[PDB]
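Per chain, numbering begins at 1; letters A, B, ... match sequence-line order. In each ligand, atom 1 is the first atom listed, and ligand 1 is the first ligand listed. These numbers come from the heavy atoms of this one structure, side chains and all, not from hydrogens, waters or symmetry mates.
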4 protein chains.
Amino acid sequence: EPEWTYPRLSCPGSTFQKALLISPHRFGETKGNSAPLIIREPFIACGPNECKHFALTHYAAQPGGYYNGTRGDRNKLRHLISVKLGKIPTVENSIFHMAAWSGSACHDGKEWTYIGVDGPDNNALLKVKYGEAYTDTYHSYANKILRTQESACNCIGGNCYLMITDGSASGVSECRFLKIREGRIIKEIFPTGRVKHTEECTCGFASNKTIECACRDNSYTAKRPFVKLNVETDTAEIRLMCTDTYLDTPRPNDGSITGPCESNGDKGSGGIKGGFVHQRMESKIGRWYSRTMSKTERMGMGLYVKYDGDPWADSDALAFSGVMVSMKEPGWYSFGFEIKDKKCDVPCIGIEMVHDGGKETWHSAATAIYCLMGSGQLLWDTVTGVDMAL
Amino acid sequence: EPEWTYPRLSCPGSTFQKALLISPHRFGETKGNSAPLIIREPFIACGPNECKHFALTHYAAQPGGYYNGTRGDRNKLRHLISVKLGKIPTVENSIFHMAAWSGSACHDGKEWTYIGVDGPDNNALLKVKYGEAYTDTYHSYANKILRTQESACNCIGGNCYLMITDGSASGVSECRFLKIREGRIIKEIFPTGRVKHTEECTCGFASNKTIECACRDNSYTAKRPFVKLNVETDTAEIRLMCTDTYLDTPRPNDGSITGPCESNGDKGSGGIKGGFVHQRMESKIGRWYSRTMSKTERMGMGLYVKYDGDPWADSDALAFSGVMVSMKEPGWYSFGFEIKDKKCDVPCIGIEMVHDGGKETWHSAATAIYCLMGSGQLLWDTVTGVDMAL
Amino acid sequence: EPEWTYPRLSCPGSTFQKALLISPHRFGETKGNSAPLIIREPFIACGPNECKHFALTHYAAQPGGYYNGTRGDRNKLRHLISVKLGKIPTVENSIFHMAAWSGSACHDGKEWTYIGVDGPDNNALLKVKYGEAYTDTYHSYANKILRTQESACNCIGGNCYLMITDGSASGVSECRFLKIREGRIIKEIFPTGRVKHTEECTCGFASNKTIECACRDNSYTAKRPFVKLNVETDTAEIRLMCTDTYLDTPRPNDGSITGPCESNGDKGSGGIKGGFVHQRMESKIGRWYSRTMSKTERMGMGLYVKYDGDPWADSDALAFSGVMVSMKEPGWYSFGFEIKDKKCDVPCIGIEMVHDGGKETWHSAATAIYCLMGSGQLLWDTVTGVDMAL
Amino acid sequence: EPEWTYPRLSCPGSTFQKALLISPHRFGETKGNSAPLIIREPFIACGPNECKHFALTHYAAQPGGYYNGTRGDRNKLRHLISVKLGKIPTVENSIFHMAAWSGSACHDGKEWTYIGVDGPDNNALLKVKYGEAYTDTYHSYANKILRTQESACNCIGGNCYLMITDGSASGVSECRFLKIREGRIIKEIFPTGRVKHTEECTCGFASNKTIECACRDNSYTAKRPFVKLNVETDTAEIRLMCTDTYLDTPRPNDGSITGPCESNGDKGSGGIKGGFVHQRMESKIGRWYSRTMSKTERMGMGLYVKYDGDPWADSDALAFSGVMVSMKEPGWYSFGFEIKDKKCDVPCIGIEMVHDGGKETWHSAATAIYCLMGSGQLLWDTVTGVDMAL
Ligand SMILES: *[C@@H]1O[C@H](CO)[C@@H](O[C@@H]2O[C@H](CO)[C@@H](O[C@@H]3O[C@H](CO[C@H]4O[C@H](CO)[C@@H](O)[C@H](O)[C@@H]4O)[C@@H](O)[C@H](O)[C@@H]3O)[C@H](O)[C@H]2NC(C)=O)[C@H](O)[C@H]1NC(C)=O
Ligand SMILES: *[C@@H]1O[C@H](CO)[C@@H](O[C@@H]2O[C@H](CO)[C@@H](O[C@@H]3O[C@H](CO[C@H]4O[C@H](CO)[C@@H](O)[C@H](O)[C@@H]4O)[C@@H](O)[C@H](O)[C@@H]3O)[C@H](O)[C@H]2NC(C)=O)[C@H](O)[C@H]1NC(C)=O
Ligand SMILES: *[C@@H]1O[C@H](CO)[C@@H](O[C@@H]2O[C@H](CO)[C@@H](O[C@@H]3O[C@H](CO)[C@@H](O)[C@H](O)[C@@H]3O)[C@H](O)[C@H]2NC(C)=O)[C@H](O)[C@H]1NC(C)=O
Ligand SMILES: *[C@@H]1O[C@H](CO)[C@@H](O[C@@H]2O[C@H](CO)[C@@H](O[C@@H]3O[C@H](CO)[C@@H](O)[C@H](O)[C@@H]3O)[C@H](O)[C@H]2NC(C)=O)[C@H](O)[C@H]1NC(C)=O
Ligand SMILES: *[C@@H]1O[C@H](CO)[C@@H](O[C@@H]2O[C@H](CO)[C@@H](O)[C@H](O)[C@H]2NC(C)=O)[C@H](O)[C@H]1NC(C)=O
Ligand SMILES: *[C@@H]1O[C@H](CO)[C@@H](O[C@@H]2O[C@H](CO)[C@@H](O)[C@H](O)[C@H]2NC(C)=O)[C@H](O)[C@H]1NC(C)=O
Ligand SMILES: CC(=O)N[C@H]1[C@@H]([C@H](O)[C@H](O)CO)OC(C(=O)O)=C[C@@H]1NC(=N)N
Ligand SMILES: CC(=O)N[C@H]1[C@@H]([C@H](O)[C@H](O)CO)OC(C(=O)O)=C[C@@H]1NC(=N)N
Ligand SMILES: CC(=O)N[C@H]1[C@H]([C@H](O)[C@H](O)CO)OC(C(=O)O)=C[C@@H]1NC(=N)N
Ligand SMILES: CC(=O)N[C@H]1[C@H]([C@H](O)[C@H](O)CO)OC(C(=O)O)=C[C@@H]1NC(=N)N
Ligand SMILES: *[C@@H]1O[C@H](CO)[C@@H](O)[C@H](O)[C@H]1NC(C)=O
Ligand SMILES: *[C@@H]1O[C@H](CO)[C@@H](O)[C@H](O)[C@H]1NC(C)=O
Ligand SMILES: [Ca+2]
Ligand SMILES: [Ca+2]
Ligand SMILES: [Ca+2]
Ligand SMILES: [Ca+2]
């Protein structure tokens with residue numbers, strides 16, 4: 001008799017380590033016999049028995065003849081797909097959940113919820129799937145590419161919370177939260193505070209009372225908007241992270257944005273989804289983040305950590321925890337997720353490593369995983385191993 | 001231990017939306033490494049735990065060397081196959097249930113019933129398979145291509161009802177209904193009324209007492225024969241759908257078949273299996289239908305709806321719900337089906353999108369799925385994304 | 001709490017029909033992207049939940065580079081493999097059970113028993129596998145290719161009975177039966193009567209007290225040795241079938257072997273494994289057989305039936321029940337097996353259809369299935385659909 | 001609910017036989033359509049319900065374009081992978097557990113423990129995974145390639161014991177033992193005695209009180225270090241195997257290392273992981289070993305056995321049991337493992353058969369399995385059947 005899931009205390013440990021590389025295009029040469037799917041925006045969500053590796057496919061494999069368009073964001077062909085984590089996401093291994101050029105998913109202890117956005121840019125559509133069944137939708141409210149998290153949503157006691165946003169990518173994008181229960185949207189939550197532009201939130205439980213999200217401002221700042229969501233009152237507030245360690249790409253030099261914590265500063269235009277995940281201890285909360293090694297390119301990926309504090313108020317630099325992806329390798333999207341051990345939760349960060357050779361060739365990604373395990377210092381970086389000319 | 005299933009009230013909603021595209025020949029290019037099966041006549045049937053995607057394969061894959069003959073209807077190699085819905089129907093993924101060039105399937109709540117017709121045109125044979133066991137057959141009664149629904153049969157209380165027919169494609173084809181229980185035919189039902197040509201019925205539950213079917217007349221009319229089958233007395237009547245919105249292809253202009261409801265009118269020769277699904281509410285019943293956008297060609301697919309009334313007597317046009325497949329794209333067979341959610345049923349329509357390059361190349365199909373989903377208006381159409389020269 | 005299996009009454013029906021074709025090399029062209037395994041001697045065995053399709057592979061696929069030797073019988077590479085019945089036995093779908101150039105398998109209600117013979121011709125070795133575990137062996141006793149049934153063994157109340165034989169293929173091959181329980185050989189049974197040459201027995205339950213086998217004499221006669229095994233006393237006796245319808249290939253004209261029932265007659269040299277399966281009714285036993293359409297070649301396959309009687313004594317011709325494989329198509333090995341329906345057993349005959357193009361090319365087989373279903377007459381024959389030049 | 005597992009008495013038997021060959025590169029020809037993974041260091045571990053086949057992959061398939069580097073030992077792409085035993089380790093079939101260039105695994109009766117070492121040579125990291133959760137790590141203690149067994153670890157009562165080592169391949173490598181429970185290291189065991197070089201131990205249960213291991217010394221001797229680990233006091237001693245039958249490769253002539261048991265002798269530099277498995281009977285213990293047929297090259301593989309005695313003190317030659325792999329074929333790593341039968345344990349030995357074409361082509365391995373099975377003498381050897389030019 002399956003019960004509702006709740007966030008548990010995190011497992012012991014004080015450092016991340018390289019766990020797993022999922023690099024489908026290691027097998028996509030013309031000399032070869034495999035059919036890895038062309039994908040971007042991967043993320044991982046785990047239930048009580050299984051981990052699922054999600055992505056947005058372009059509905060084409062490599063090698064193949066439909067490369068043209070695979071460097072685009074949205075079209076009528078993109079689908080949310082998944083494999084069990086640890087499987088190579090090929091044509092045959094994958095399962096196609098729904099049409100979607102923006103997605104999310106989560107397990108509530110009883111059943112998977114799948115979330116997909118599709119439709120025309122000026123009138124997109126959020127779709128909710130619970131198990132096999134399509135159960136609810138939510139309409140565009142600003143008529144400017146309604147879109148969601150591109151990472152796991154979060155469930156507590158059967159209630160799943162999901163960030164959505166709608167609005168110009170170079171102007172205002174006031175985000176909303178949806179409270180979804182058993183596939184049906186039972187409440188809209190309208191955040192207060194600094195709501196100018198929030199998107200692609202990476203969200204997790206700081207506790208049984210609070211969800212926290214580190215998001216992307218693609219318009220005004222290289223500081224990440226940081227959401228605190230009270231799950232007991234269904235209220236949310238947004239403020240920019242204050243840390244000198246700006247987590248967006250592009251970004252100016254750390255600590256160079258002058259004025260109070262709310263100051264936007266320079267190099268704010270553009271952005272990237274950033275990894276964020278909680279380490280819940282008896283009396284401390286650990287906050288782990290990732291950002292690219294380069295200040296302007298999607299190259300490299302570093303891990304940072306800060307225990308305790310108010311992310312809205314602490315200007316202190318984050319503690320650099322190690323290089324996950326070298327500056328010589330691609331470092332694009334990253335995301336947090338949690339594996340369920342028998343009695344506690346294991347916090348992890350996944351990294352999207354995009355193979356980018358321009359619009360004249362195929363365009364896809366690998367996925368690297370780092371997880372909290374043991375003590376000491378982070379020891380090894382991840383390479384993709386792929387030569388795009390093969 | 002599993003109980004029999006019964007139609008339930010539908011889930012809330014007032015519009016369909018694009019749910020899912022299964023386009024396996026996106027992976028069938030010569031530059032690729034995949035092996036999608038060559039198929040036609042796909043449909044979907046759902047049990048308590050799982051949805052299955054069925055089709056009739058020509059026992060060949062693309063790329064391959066057995067294209068010749070795949071634009072034919074019947075031969076000794078055609079088989080009923082399936083995959084879990086969301087998987088691509090490939091050589092390795094598919095399961096082959098039985099030899100068949102006409103098929104159906106349904107879950108009674110305990111077990112799958114598979115239905116496959118094959119044999120010679122003048123003496124074909126319907127075969128029943130219950131799980132893994134072949135359990136029963138039914139013989140041609142007119143010696144002119146015994147054939148069945150090409151979509152899910154319907155179970156209630158362990159009783160599964162199935163349309164069969166026999167007779168000339170261009171003359172009389174009096175259908176019958178088989179009542180089937182745990183794989184064995186226990187009753188034949190002889191419909192009453194307008195009985196001279198009924199084939200390829202798409203059937204569903206109007207309630208716990210009635211099954212309704214919208215069918216194809218390939219010979220006499222562009223109106224669809226409309227079956228009402230009483231499940232409490234095991235009796236059935238057929239009359240032509242009265243609606244001005246003629247659902248066959250080909251068909252004349254809407255409302256142009258003059259005279260009383262049973263008038264056949266012109267452009268009646270030829271036809272196509274149409275989508276039909278029920279939206280069951282407490283105090284009213286919604287009927288959803290699909291037809292091609294072209295009045296003569298198998299191009300496009302539009303969605304229509306009417307609430308309540310009697311389809312035998314009401315001439316009112318169906319309300320246009322939206323374009324599922326634009327007229328630039330192929331729109332062949334369509335079928336109804338329902339997904340079992342936790343406490344209600346989700347009504348859906350699937351669309352066969354045939355890749356037709358003539359008899360000089362391969363001939364197969366993609367499948368699009370639209371489902372009842374939230375409110376508002378239908379928002380996006382479907383394309384297969386397939387170039388047949390690849 | 002799984003219980004021991006017993007033979008049950010057969011399901012109703014009075015004729016066989018074409019059920020299923022498994023034709024892996026429909027997908028093995030150079031133009032294609034699949035990897036069907038090169039196999040011969042298929043057979044099927046069913047447990048209470050699943051049907052398994054077994055074969056002896058040459059550990060090579062098509063297309064591939066190891067064709068040379070695939071027209072041989074024995075080597076160090078042959079393995080017993082299986083897939084779930086209904087799956088194409090490819091490199092990836094198959095599972096490799098054990099090294100074997102001769103095999104059998106059966107389910108006892110609790111667990112699969114797998115049986116494989118390998119080793120040098122003059123000192124071969126029967127190996128028994130119960131589930132994952134290798135559990136017992138049995139040595140050559142005549143030092144002339146110890147070999148087994150190439151079809152399902154038979155289990156009652158946890159005891160599995162298996163025919164084995166050892167001896168020259170052009171002289172004496174006194175067979176033995178092994179009683180195997182939970183993977184261990186607990187008794188040898190030495191048949192009496194006509195024991196000169198028995199091999200490749202196709203065996204089944206005539207009742208709870210008796211196993212019957214129709215076997216192959218590759219040396220002295222075109223009559224099939226016919227075994228009756230008393231399961232309650234563990235005693236077996238062998239006599240030639242008496243029917244005018246000689247079931248071996250090659251064979252003289254029916255009814256042309258003069259003298260008493262035991263007379264060997266002409267064209268006795270050579271042979272073929274023949275399908276045989278029981279139809280158990282309340283007071284009748286039905287016996288179904290298959291033999292090639294040609295009297296001298298492995299071409300075509302016909303179905304025969306006789307109700308009741310003593311196969312040792314009745315000279316009456318068997319009743320011809322229909323053409324399963326045309327004389328224009330290959331008809332090699334055939335075998336009986338039974339599917340388990342919910343409350344009764346479904347008798348079936350499988351047919352090996354070998355693609356034979358000589359030693360200069362690849363050498364493999366398809367499998368066709370006919371099962372007892374409904375009434376009337378057998379309606380359609382099976383073709384393989386394969387062009388070996390592709 | 002599942003109970004912890006404990007070594008049981010072995011099943012009856014007095015000889016090994018050829019059981020199974022896993023030769024995936026039989027499907028790796030350029031004329032083919034398959035994608036076997038490039039792997040080395042395979043081993044097998046069995047739980048209550050299933051046997052798993054593990055290897056270290058170079059994250060590449062054959063045919064492919066990443067052959068370069070697959071004859072190297074360590075890199076950032078190597079992963080621990082597995083399939084169900086009897087499946088071919090291909091891109092689609094394999095599951096990727098974690099990044100590792102050194103590995104182990106074992107089932108405690110409730111769950112799988114996976115072990116993978118990676119990171120830089122001077123600072124490598126052992127990672128523990130319990131089911132799907134990363135649960136613990138252990139750091140290099142000598143900064144000279146921390147590494148582990150390359151074969152199954154051993155569990156008793158929920159306690160899993162694992163050999164690790166660290167130090168120069170050509171100097172001192174003092175191993176340790178990790179006691180692991182539900183994924184977390186709870187004790188380090190520091191062996192006593194002849195401790196200067198111990199690596200790649202093949203371990204099994206001599207009883208409920210003792211684990212024994214036959215290990216590799218790559219530096220000093222051709223005798224195998226022999227670990228006795230007491231599981232009741234968690235203490236361990238290592239001495240050199242005294243037997244005249246030296247089990248390493250390279251090695252001098254048998255019995256030619258003069259002097260007392262702990263004498264190292266000549267040709268000690270270099271080495272190879274050897275097969276070792278226990279045959280536990282009521283009143284006696286059988287120890288089965290394997291070594292290459294060549295005294296210097298990794299060619300061939302022979303089987304040896306001794307009952308009882310003390311391997312630290314007895315100089316008696318082991319009894320030659322037979323040739324598993326002829327000297328014409330490659331014989332690289334060998335490993336012990338046990339299959340769980342219903343009431344007893346089946347001892348087995350696996351053999352890595354490496355396809356070595358030098359560094360100018362691909363580099364990978366097949367796996368042969370021999371098992372305790374009936375009585376008599378071992379009857380057949382194994383060949384891979386693979387031509388590397390294809
Ligand atoms: C067609 O007929 C079907 C069979 O009569 C109808 O299904 C029945 O629907 C009613 C209400 O919609 C259900 O009664 C409710 O039961 C729930 C609890 O559900 C379970 O209860 C126990 C477990 O405690 C279990 O034994 C049952 O089998 C249910 O799984 C209560 O909370 C409600 O208060 C109410 O009593 C019936 O259970 C259900 N029967 C079956 C066999 O499914 C169906 O509604 C009809 N379709 C229509 C009208 O369109
Ligand atoms: C190492 O220690 C292990 C744990 O002490 C030993 O395993 C034990 O072995 C004994 C006999 O070999 C078993 O006792 C027998 O039990 C069977 C019935 O088996 C089941 O009984 C009940 C169900 O009725 C269930 O609760 C149990 O868990 C068993 O599954 C009886 O028929 C016999 O008469 C006898 O009592 C123990 O059950 C078994 N324990 C465990 C935990 O497996 C093992 O033998 C030792 N290894 C050696 C000595 O080499
Ligand atoms: C968030 O809230 C959930 C639900 O309240 C917390 O889960 C609950 O955790 C407690 C203690 O960890 C569990 O209580 C029980 O305690 C006894 C020991 O006396 C033990 O034998 C039981 O097996 C169990 O551990 C309770 O079962 C559990 N409930 C659920 C539904 O999971 C969770 O710990 C909270 N997260 C925090 C505080 O970070
Ligand atoms: C061969 O022997 C087996 C074992 O004796 C026979 O199976 C047994 O069949 C009987 C009757 O079919 C089963 O008895 C029970 O009868 C009541 C009706 O009063 C019914 O409610 C039960 O569910 C069951 O049918 C018995 O359970 C069953 N036992 C086993 C272990 O299967 C089998 O019928 C014999 N085959 C023949 C005679 O051909
Ligand atoms: C496709 O198959 C059909 C029949 O299966 C082929 O038709 C035959 O063509 C030859 C000439 O090439 C005629 O002599 C036969 O009489 C035809 N048979 C039938 C039944 O029509 C056809 O040639 C094939 N097409 C291709 C391109 O190979
Ligand atoms: C295999 O890979 C190695 C290194 O990964 C290649 O070695 C390099 O070769 C170039 C010349 O072609 C040298 O300039 C580099 O210094 C070498 N690097 C190292 C690390 O040795 C090697 O060429 C590759 N082999 C093939 C056949 O491509
Ligand atoms: C049994 C059979 O062959 N049915 C045909 C065909 C049919 O001839 C018409 O319905 C007229 O009776 O309709 C459709 C069609 O595309 O029109 C293909 C079907 N293909 C198959 N289901 N195989
Ligand atoms: C950790 C590691 O790299 N072990 C090596 C190698 C090793 O260097 C020796 O044991 C000496 O210490 O042995 C064998 C070998 O073939 O000799 C390959 C191993 N390959 C790997 N397991 N990756
Ligand atoms: C198109 C869309 O819905 N999301 C975009 C996203 C976007 O343009 C920015 O966040 C601005 O709002 O940018 C990223 C990106 O790589 O920068 C790709 C995303 N692609 C998809 N998720 N498909
Ligand atoms: C080699 C062996 O063990 N059995 C042979 C079998 C045999 O030669 C005759 O039965 C005579 O005894 O003939 C048949 C055959 O096709 O005629 C192939 C079998 N091939 C295999 N089962 N592999
Ligand atoms: C493919 O490239 C051609 C090049 O002219 C362009 O016209 C077309 O729009 C591209 N298709 C897609 C789907 O991007
Ligand atoms: C392959 O054919 C060659 C041709 O001369 C022959 O020498 C060899 O024995 C054959 N191999 C096998 C395995 O039959
Ligand atoms: Ca920004
Ligand atoms: Ca018509
Ligand atoms: Ca003969
Ligand atoms: Ca050595």
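Between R216(B) and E200(B) there is a salt bridge, with a side-chain nitrogen of the basic residue lying less than 4.0 Å from a carboxylate oxygen of the acidic one. Using a 4.0 Å cut-off between a side-chain N of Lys or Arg and a carboxylate O of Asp or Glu, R147(D) and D73(D) do not qualify as a salt bridge. Ion pair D356(B)/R71(B) flagged as a salt bridge, since at least one NZ, NE, NH1 or NH2 atom sits closer than 4.0 Å to an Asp/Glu carboxylate oxygen.
Residue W332(B) has no N or O atom closer than 3.5 Å to an N or O atom of ligand 7. Ligand 7 has a nitrogen or oxygen under 3.5 angstrom from a nitrogen or oxygen of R216(B). Annotation: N218(B) places no N or O atom under 3.5 Å from an N or O atom of ligand 7; distance criterion only.
Within 6.0 Å of the NZ atom in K76(B), the count of heavy atoms belonging to other residues, nucleotides or ligands exceeds 12.
Counting only heavy atoms, the protein gets under 4.0 Å from atom 14 (C) of ligand 8. Taking a distance limit of 4.0 Å, we find that atom 7 (C) of ligand 7 is approached by no protein heavy atom.
Counting backbone and side-chain atoms alike, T221(C) contributes an N/O/S atom closer than 3.0 Å to the Ca ion (ligand 15). Within the coordination shell of the Ca ion (ligand 15), defined by N, O or S atoms under 3.0 Å, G268(C) is present. Taking backbone and side chain together, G270(C) holds an N, O or S atom under 3.0 Å from the Ca ion (ligand 15).
Restricting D248(C) to its N/O/S atoms, the shortest distance to the Ca ion (ligand 15) is reached by OD2. Distances from the Ca ion (ligand 15) to the N/O/S atoms of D217(C) are shortest for O.
Relative orientation of the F43(D) and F335(D) rings is perpendicular, given thresholds of 30° and 60° on the angle between their planes. Ring-plane geometry between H79(B) and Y59(B) is classed as perpendicular, the angle between the planes exceeding 60 degrees on a 0 to 90 degree scale with a lower cut at 30.
Two residues are said to be in side-chain contact when any heavy atoms from C-beta on lie closer than 4.5 Å; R251(B) and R291(B) meet this criterion. At a threshold of 4.5 Å between non-hydrogen side-chain atoms, the residues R78(D) and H58(D) count as touching.
Looking only at heavy atoms of the protein, atom 12 (O) of ligand 8 is closest to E199(D) OE1, 2.8 Å. In terms of protein heavy-atom proximity, atom 21 (C) of ligand 8 is nearest to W101(D) O, 3.4 Å. Looking only at heavy atoms of the protein, atom 4 (N) of ligand 8 is closest to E200(D) OE2, 4.1 Å. The protein heavy atom nearest to atom 19 (C) of ligand 8 is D73(D) OD1, 3.4 Å.
Heavy-atom contacts of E41(D) reach the following atoms of ligand 8: 18 (C), 19 (C), 20 (N), 21 (C), 22 (N) (cutoff under 4.0 Å). Close contacts of ligand 8 with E150(D), meaning ligand atoms under 4.0 Å from a residue heavy atom, involve 22 (N). Remark: ligand 8 atoms within the under-4.0 Å shell around heavy atoms of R40(D) are 15 (C), 16 (O), 18 (C). Contact atoms of ligand 8 toward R74(D): 2 (C), 3 (O) (distance under 4.0 Å to a heavy atom of the residue).
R78(D) counts as a contact of ligand 8, since one of its heavy atoms falls under 4.0 Å from the ligand.
We find the OG1-CD1 distance between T198(D) and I164(D) to be 12.5 Å, quoted to the nearest 0.5 Å. Atoms OG1 and CG, on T165(C) and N218(C) in that order, are 11.0 Å from each other to the nearest 0.5 Å.
When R298(B), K144(B), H197(B), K273(B) are checked for heavy-atom proximity to atom 17 (O) of ligand 7, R298(B) turns out nearest.
The heavy-atom pair separating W332(B) from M301(B) by the smallest distance is O-CE, 3.2 Å. Minimum interatomic distance between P120(B) and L379(C) (heavy atoms only, all atoms of both residues): CD-O, 3.7 Å.
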